[PDB]
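Notes for the one structure printed next.
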Protein chains: 2
Amino acid sequence: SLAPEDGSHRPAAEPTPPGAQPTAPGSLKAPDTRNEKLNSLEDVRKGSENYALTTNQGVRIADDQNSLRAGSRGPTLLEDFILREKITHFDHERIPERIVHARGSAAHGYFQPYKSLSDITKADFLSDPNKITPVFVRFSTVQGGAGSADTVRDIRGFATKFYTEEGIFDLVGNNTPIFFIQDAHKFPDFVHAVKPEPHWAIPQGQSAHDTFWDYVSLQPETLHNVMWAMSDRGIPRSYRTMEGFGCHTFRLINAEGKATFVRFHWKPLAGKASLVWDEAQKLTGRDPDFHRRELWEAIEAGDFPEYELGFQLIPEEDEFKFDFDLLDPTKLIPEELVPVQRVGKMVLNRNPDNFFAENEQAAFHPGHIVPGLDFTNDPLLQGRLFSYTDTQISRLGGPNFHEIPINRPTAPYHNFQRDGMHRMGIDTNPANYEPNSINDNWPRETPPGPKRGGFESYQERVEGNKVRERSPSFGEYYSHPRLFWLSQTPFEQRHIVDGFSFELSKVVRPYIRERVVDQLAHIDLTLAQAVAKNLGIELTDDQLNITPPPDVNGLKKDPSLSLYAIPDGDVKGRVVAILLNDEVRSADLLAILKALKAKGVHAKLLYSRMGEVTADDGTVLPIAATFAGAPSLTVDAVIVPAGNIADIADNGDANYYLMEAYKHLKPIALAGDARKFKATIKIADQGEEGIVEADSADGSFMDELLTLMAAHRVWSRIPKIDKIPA
Amino acid sequence: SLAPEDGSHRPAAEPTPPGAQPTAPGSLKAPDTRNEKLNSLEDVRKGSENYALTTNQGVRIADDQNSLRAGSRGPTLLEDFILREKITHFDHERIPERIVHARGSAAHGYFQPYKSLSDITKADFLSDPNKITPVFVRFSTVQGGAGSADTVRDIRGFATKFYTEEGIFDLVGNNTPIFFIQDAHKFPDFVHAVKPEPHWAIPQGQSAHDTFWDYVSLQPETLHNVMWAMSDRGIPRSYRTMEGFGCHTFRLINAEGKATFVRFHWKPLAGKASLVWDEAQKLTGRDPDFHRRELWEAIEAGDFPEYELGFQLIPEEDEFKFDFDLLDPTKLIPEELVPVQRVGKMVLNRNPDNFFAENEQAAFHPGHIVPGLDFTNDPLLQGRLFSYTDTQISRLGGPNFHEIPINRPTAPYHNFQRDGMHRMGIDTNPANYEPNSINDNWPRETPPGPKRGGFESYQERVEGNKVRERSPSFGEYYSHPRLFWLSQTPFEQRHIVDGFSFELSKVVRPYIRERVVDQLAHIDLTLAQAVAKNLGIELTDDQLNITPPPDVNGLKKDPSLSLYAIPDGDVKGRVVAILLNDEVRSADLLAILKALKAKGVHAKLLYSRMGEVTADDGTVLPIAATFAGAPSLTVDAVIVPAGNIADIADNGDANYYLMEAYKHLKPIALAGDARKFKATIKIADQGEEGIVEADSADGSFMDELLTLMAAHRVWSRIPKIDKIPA
Ligand code: HDE
Ligand code: HDE
Ligand SMILES: [S]
Ligand SMILES: [S]
């Protein structure tokens, strides 16, 4: 026995808040959570307790500490098969990462619709509010490698595999409603431009380099998604607090054969929330795994990520009723024009057991549709259909990638396909072709119908010549960027300007920065002047006189485009740093934790060392982390209880903690003598909005702090931060 | 034409300092830097200017902006082969990354010996000081993926491929002289324990997690290399400023067949220098590509990385003359006992053209030796010899990885091996076996001899039974950790304590922390006590009474094991930040830049925005980056000239620049009214060692600053930084 006698090596198999226990594989941490897909993976789950260590051939190993040698200081012998198996498996552990979205984090859950949608789609998973469909969801960045950092500025992927009774449906979305380019033929161009440059393979996880901005300046169709990426949308607080979108118009097909155009939405029920850029960048350094960790810890604590699936629905006869083309994936459909209809709820409630086997090996692909859904001619979607099947032949080693356990349907699958590398299924059918008589033609085709029918494409009319041509209707590039900009709050606008400015400051060739500023002048003059000023660029008289693009279908803003214009805060699952001293006032701490508990807000107790300290009244307080070990970047607010403040008052790290949190617009609360820290962040004696202060930590002190947390950040503080050296 | 009229898109093909020009592929940046290997790659280099865009089959493309569709808003057609080839290639761009050392950065150069070594080795590349051998060198971290950050705390790899006239010799080393484990059979255990944990794949690029310290606590053989990793060895300033080691005793074999034991060394002619932990960690977020960038830019500037190759030579009859086993790779050979003989110099003078083709596909392997070298029974080297050939079969797709251009020998190669995936060589030999008559037995075996002979192993005597057993002589784990400890300066010792303390505070299971502290008590009580205090652990009476391990062959320290005990500073190729204002005193700047140029030190001119400012005398000064865009993390020292200081006096970012540089022990120099900044870093009116100040930037001011820079950091400042909130 190497485990400690008190059993403190094994995490509690029950919900526990972040940091309370070591994290564990999902089937050990939450054995009681189940769904149909988790149950079906049981055949390949492997345990360990009480088993002998063996080769992969089942031979027990006696000594796993030494190679076989001729004498104990001699050479290693070729006959050591146990060594060579073990090192050969090690030597071949890695598979190619995904060409894009290589960095991602995943969990299991389930989906249910609020009511049957049979009047608009025959898709089985949407036919009955009692039908529960297991899901597996992977969130991701786009540009960086599997080993890159989470809180980079980038677009985020949001891919859901629905294991339906009529096949796998993968909804392969992102956290913005559009993409940078119009036609799939340019995807390698755009992706090569944003990826590390090919001579030296720099930079990782960043669009802040010459080739990205060269491409953008030369391809104005990109400006809409670039506006999103440069906003705080590019730096979400959590995968739990971002929106998801299906990116294209698809179709729903009902049993009558009626097509309705649809765009897909995910609404985060935890609300929308983003970091600020200096915080996101610094966090890539202090914890490059912060989003993967926050997602896994949320599920272990029971703060299950929840999302509402929604549909924007457009009748077929309304195809041409807008100012933009519905097939143009650089255009959004404003919610003011077409509201999102709520469809159902998805909950993510179980982590995987083994990251490589369930996360790294999962394959999502938007061609994976089911009866009741269909495509459209969006020319970016159209090319996606080719890529997601193709790429798996190298990434997952061949055409049997659907036999890798996480990718297996739970629906029946039978057909005449055979062989390929890694073939698991042993087919007993006497036939491997159809039509056949020797197996009475089974498995058999199934006609389309209202349920459980075969897939048939909607009979869309096609007319035109074979051309490599962009539709003229896609040739408008500035109105949607302008609608987005005008929909932002003034502080969201400032952060857009600061994102273009920082990024273009990293472009070495100045003419590329000038060309991008020229494009901005076509969108909005105020935005363009503000960026130009930060770059030392002066707009020409011609630039100052560019007519702004038209409004989109009479709209001059749509508030659903803003993260923050309309409050949608939720504090459950947020975290507060509590800065301790060597003689904490226990009554303050009891009131702080009581109020945080009641709203499902977590806490981390921090000090200048590990171990414990003892409160004024003898209560032993266990320290979670040092000030330096768990920086303010990792929390949503900071509370300092009263007590022996002298203990930490001249501690550089403790003062800096509050300066960093202050700069990043987080709520800060100081009780009693902790008010002494007001001097480090230059707060006046009469106080200021966003700093909660009182003689003790209750009556209204925690209500005030929790009201600040529900509004996420203290935006009114922005003018005060440029003066603080932090 | 899309390029700017003024030609400013194209970097000059001359050496230029960092930031002066965009970086470029090495054959375009330095077209006349040549060596036998670079010239031999010309057969596969492809250019681009003035050529038409084609498929891979040579068909010219007319429209590389669109897919082929039926109508300009129609579906994409399967007959679009141009689209499918382009997206197929993109879909399969990625290959598996290296199992370990996936993150690395590489360059070309050459090696030449100082004298003939024929008396001790018949290796041809060491036979004459006129023998110039091309090299390709890849530096790397160990744990993180190819997209992880450079300035993590980790061991670093230093792998050199010598293209000799008698074969490739790969010297595949690290930046410490030992490894964590004794026997190759435990490599996958150790690497699994340091790598991200298997449930959730966290953390990236860090040993600061429970499974690493669990293994270390249970395997005290690891403690010696753990001491090195927790020292500032684990966070080098540059690949140019760290040592390399071949890790194992190999043999040199001379023409007479005499074997001498050898351990290999690389000594950096730029001297030894490392970051401090806070700076390294923050730098992973501010610039995760910092070491890759600094290496590429150094070579572009002509600050070519230079290392001296060195041998520790031990006669065969001296095998048992030490109190440790020469075959145990957890033991170092102290230079006080066996000096390093300096044998030649390697210079890296050219970056690659295409990172993936030359860096990512390069394969190094320590079994790639040449006549005049041989192995020993070191049980970690023995197992390595299996792994480095095996792993390439998945990583590089098959057994023809020596035909990938960067890997090809420049020496002749001819044999009877045939076929394999993507076989390039077309053999004309009528025979593919030997002995054969039908080609008169060619290519033929060559007997061993003094030059141009075949390889024959040294006829070492082997006597023993077939056993899986560790030599009892390997069973001592504490004397080398203690020697290394006692050889460090008092500030290097504090940084080791801090590295253990920070790492163990991130281990969630407290008994693992306790088990590590127990091991520390076996090494040195002062170290053990200092770590324990940071963790809130108290040593037991038994722990306080553990007898220290013995000295190593009577040594109680060896200053060659310290980074800084013996002065070894070189400022050429270092970089200073100069913080501008909107009316700079020009005389200060002329003097600063003149003195920096004379010593080969670079500068970066920083301000609050991009563009330019104008000095008091109307000199226009171009701005390289903002204060926030290029933080103090990225420079060796900071200089603030006089002028309109009030322009920046209340700039939070400018104040913080100096606070962060101060906290990180960097020299800071303040001229005239720039001395008003003393107040932000709490410098007394009378001054402080490490802060250069004068009325102006005269001759003595720069000499003082450059003297501080030769000493790298201001270690005497350490007691003052605890109070600084930065
Ligand atoms: C023609 C335009 C085009 C093309 C060709 C592609 N992409 Fe992807 N994209 C591919 C190609 C690849 C290369 O096949 C790849 C690489 C690995 C793989 O299996 O598929 C992939 C990954 C990917 C994920 C990760 C899924 C996971 O977590 O495993 C997510 C969420 C998205 N995508 C989302 C997405 C949207 C939202 C609408 C839009 C638009 C696009 N993408 C554009 C697009
Ligand atoms: C049994 C003990 C053992 C075993 C089995 C291995 N390692 Fe490695 N190591 C391998 C295995 C692999 C898996 O073959 C792999 C992974 C991909 C590959 O092709 O080779 C590899 C890479 C590697 C590089 C990068 C070279 C480059 O830039 O590509 C460097 C610099 C080092 N190593 C240095 C090193 C030292 C210096 C002493 C010592 C000791 C060891 N290692 C220990 C060791
Ligand atoms: S999209
Ligand atoms: S080693």
Side-chain angles (χ1 to χ4, degrees), chain A residues 4 22 25 63 66-68 70-76 83 87 90-92 94 96 144-148 183 185 188 199-204 282 284-285 288-289 296 355 377 382 387 390-391 394 462 464 468-469 471 505 508 511 534-536 609-611 629 652 655-656 722-725, chain B residues 4 22 25 63 66-68 70-76 83 87 90-92 94 96-97 144-148 183 185 188 199-204 282 284-285 288-289 296 355 377 382 387 390-391 394 462 464 468-469 471 505 508 511 534-536 609-611 629 652 655-656 723-725:
Chain A
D63 185 358
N66 291 292
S67 305
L68 182 70
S72 64
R73 289 183 78 250
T76 298
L83 170 75
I87 303 296
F90 174 79
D91 287 341
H92 300 290
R94 297 298 178 268
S148 66
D183 185 311
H185 191 75
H199 57 299
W200 63 350
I202 291 181
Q204 200 66 215
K282 206 184 311 182
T284 66
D289 303 304
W296 191 277
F355 181 108
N377 293 325
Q382 284 276 314
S387 175
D390 178 48
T391 197
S394 65
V462 180
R468 291 181 170 81
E469 180 176 350
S471 178
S505 303
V508 179
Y511 72 87
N534 290 335
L535 302 175
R609 47 153 253 270
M610 296 295 279
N655 281 285
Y656 189 68
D722 275 352
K723 261 81 58 270
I724 151 191
Chain B
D63 184 356
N66 290 290
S67 302
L68 180 73
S72 64
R73 291 188 73 247
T76 300
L83 171 71
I87 299 303
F90 174 78
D91 281 345
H92 298 293
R94 299 296 176 269
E97 73 183 13
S148 63
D183 187 308
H185 190 67
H199 56 300
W200 67 340
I202 292 183
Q204 197 64 211
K282 210 186 311 183
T284 64
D289 301 308
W296 193 283
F355 182 103
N377 293 330
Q382 287 275 313
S387 172
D390 175 50
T391 194
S394 58
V462 178
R468 288 185 173 81
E469 180 185 344
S471 189
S505 299
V508 180
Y511 69 93
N534 292 332
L535 278 344
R609 59 159 172 75
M610 299 291 290
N655 286 287
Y656 187 71
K723 292 104 153 319
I724 193 185

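Quick note on labels: first sequence line is chain A, next is B, and so on, each numbered from 1.
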Student check: side-chain heavy atoms of A/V462 and B/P75 closer than 4.5 Å: yes
Nearest-0.5 Å distance, CZ of residue A/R73 to OG of residue B/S471: 6.0 Å
Nearest-0.5 Å distance that lies between atom CZ in A/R468 and atom CG in B/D63: 7.5 Å
Structural part of A/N534 lying under 4.5 Å from a heavy atom of chain B: backbone
For A/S72, side chain to side chain donor-acceptor pair (under 3.5 Å) partners two or more places apart: none
Exam field: side chain A/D183 to backbone B/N66, donor-acceptor pair closer than 3.5 Å: no
NZ/A/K723: more than 12 non-hydrogen atoms of other groups inside 6.0 Å: yes
Taking every non-hydrogen atom, the tightest pair across A/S394 and B/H92: OG-ND1, 2.7 Å
Least distance between heavy atoms, B/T391 atom then A/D91 atom: OG1-O, 2.7 Å
Aromatic ring pairing B/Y656/A/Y656, orientation class (parallel under 30°, perpendicular over 60°, tilted between): parallel
Verdict with reasoning, A/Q204 to B/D289, per side-chain contact (heavy atoms from CB on, under 4.5 Å): CA-CA 7 Å; A/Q204 200 66 215; B/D289 301 308; 3.9 Å; yes
Under the ring-ring contact (aromatic ring centres under 6.0 Å, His included) test, residues paired with B/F90 that sit two or more places apart: A/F187
